[PDB]
Structure formats: C-alpha cells, structure tokens
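Chains as they are written, first to last, in UniProt numbering: chain A, 500 to 547; chain B, 2 to 50; chain C, 2 to 50.
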Amino acid sequence: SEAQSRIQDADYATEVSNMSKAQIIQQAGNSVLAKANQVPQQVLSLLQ
Amino acid sequence: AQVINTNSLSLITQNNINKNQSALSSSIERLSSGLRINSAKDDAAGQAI
Amino acid sequence: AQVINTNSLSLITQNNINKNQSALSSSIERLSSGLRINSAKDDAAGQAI
Numbered sequence: 500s501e502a503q504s505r506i507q508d509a510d511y512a513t514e515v516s517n518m519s520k521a522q523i524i525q526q527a528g529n530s531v532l533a534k535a536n537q538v539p540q541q542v543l544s545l546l547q
Numbered sequence: 002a003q004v005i006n007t008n009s010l011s012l013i014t015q016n017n018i019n020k021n022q023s024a025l026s027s028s029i030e031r032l033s034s035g036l037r038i039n040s041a042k043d044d045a046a047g048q049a050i
Numbered sequence: 002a003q004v005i006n007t008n009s010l011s012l013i014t015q016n017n018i019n020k021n022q023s024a025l026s027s028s029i030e031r032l033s034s035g036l037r038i039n040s041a042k043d044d045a046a047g048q049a050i
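#1: How big is the Cα-Cα spacing for A:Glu514 and C:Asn16?
#2: Answer yes if the region 6 to 25 of chain B comes into contact with the region 521 to 539 of chain A, meaning at least three C-beta pairs across the two stretches below 8 Å, and no otherwise.
#3: With a 10 Å radius around its C-beta and 16 neighbouring C-beta atoms as the bar for buried, classify A:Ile523 as buried or exposed.
#4: So what's A:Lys534 in DSSP terms, helix, strand or just coil?
#5: Output, in sequence order along the chain, the residues in the region 4 to 21 of chain B whose CB is closer than 8 Å to any CB in chain C.
#6: So, helix, strand or coil for B:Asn39, using DSSP?
#7: Ends of the alpha helix (DSSP H) at A:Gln547?
#8: Measure the C-alpha to C-alpha separation of A:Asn517 and B:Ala24 and round it to an integer number of angstroms.
#9: Between A:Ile506 and chain C, is there a C-beta pair that is closer than 8 Å?
#10: For B:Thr14, count neighbouring C-beta atoms within 10 Å of its own C-beta (all shown protein chains included) and say buried if the count is 16 or more, exposed if not.
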C-alpha cells in the first residue's frame, strides 16, 4: 500500500501551488486581453 | 495602428488563456479528487501498475 | 516643401508606430503566458538551455 501510494496521490502541496499559478495566469491573461481590445480604437481618432 | 480586420495581438492572448485552462482544470480536479491519475489521462503505466 | 502626394511626416510616424507595435505585442504576450522565452524567436541559446 505504501508503494502504491507513490504512484497515485494528490500531493496537495504542489497541487494548490499549481492551481494558484493557473488562476493568477488566467486573471493576468484576462486583464491583458481586455487591454488588448482597445488597440484598433485609435483609427477612429485617425479618421477625424 | 495600421490594421483593423485582424487583431492577432488578441488571438495570441486567447491561445495562451486556452493553454492555461487545461492546467487549471487538471489541478482543480486533482485537488477536489483524492487520486492523481484521474481516469488514466496521464501515463497509463501508472494506472496499470 | 509644399507637396501633397507624399507626406513624409506621416510615413515617419507610421513606421515608428509599426516598430513600437512589435515590442507592445511581445510585452502583452509575455504577460499573457508566464514566460520570457515563450518559444523565443530572438535567441535559441536560452531555449536550448
């Protein structure tokens, strides 16, 4: 049983860190994506 | 700016977020579950052993 | 210098904006996915290492 545990176990210490990393990366991506949509807006100011 | 019809600077961000979503899902489901294999999507050698 | 066919100032400013857009997109991509390399096209040494 001790040997089988090594193959399949949650390893919470690394999993919570990976989840936090993924959440931070997702929030950063959403922020920079919302910031990215405003790039073609300057053409309107270019027109008039 | 110079182009309106295509905005690749947003497509790359969308692709990055999509790639991150896989790791997010895997981590969250492995956290909720007690196991690590999660239906043999990983290396099947571990599941068989 | 009263010509109208060629507006050199517009060309200069447009090429400046186009040159800056590359670094802009690079910055937003590096923010997007957690990597200074992110399949680097500037150097291969760091990628190989």
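Note that beta-carbon positions come from the ideal geometry of N, C-alpha and C, so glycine has one too.
Let's see:
#1: Near 47 Å, if we compare the C-alpha coordinates of C:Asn16 and A:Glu514.
#2: Result yes; three or more Cβ-Cβ pairs closer than 8 Å.
#3: Counting Cβ neighbours within 10 Å, A:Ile523 comes out exposed, since fewer than 16 surround it.
#4: Reduced to three states, the DSSP call for A:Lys534 is helix.
#5: Listed by position along the chain: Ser9, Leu10, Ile13, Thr14, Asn17, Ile18, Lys20, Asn21.
#6: Coil.
#7: Taken as a continuous stretch (DSSP letters only), A:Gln547 belongs to no alpha helix (DSSP H), as it is neither H nor E.
#8: If I take the Cα positions, the gap works out to 8 Å.
#9: Not an interface residue.
#10: Buried is the call here.
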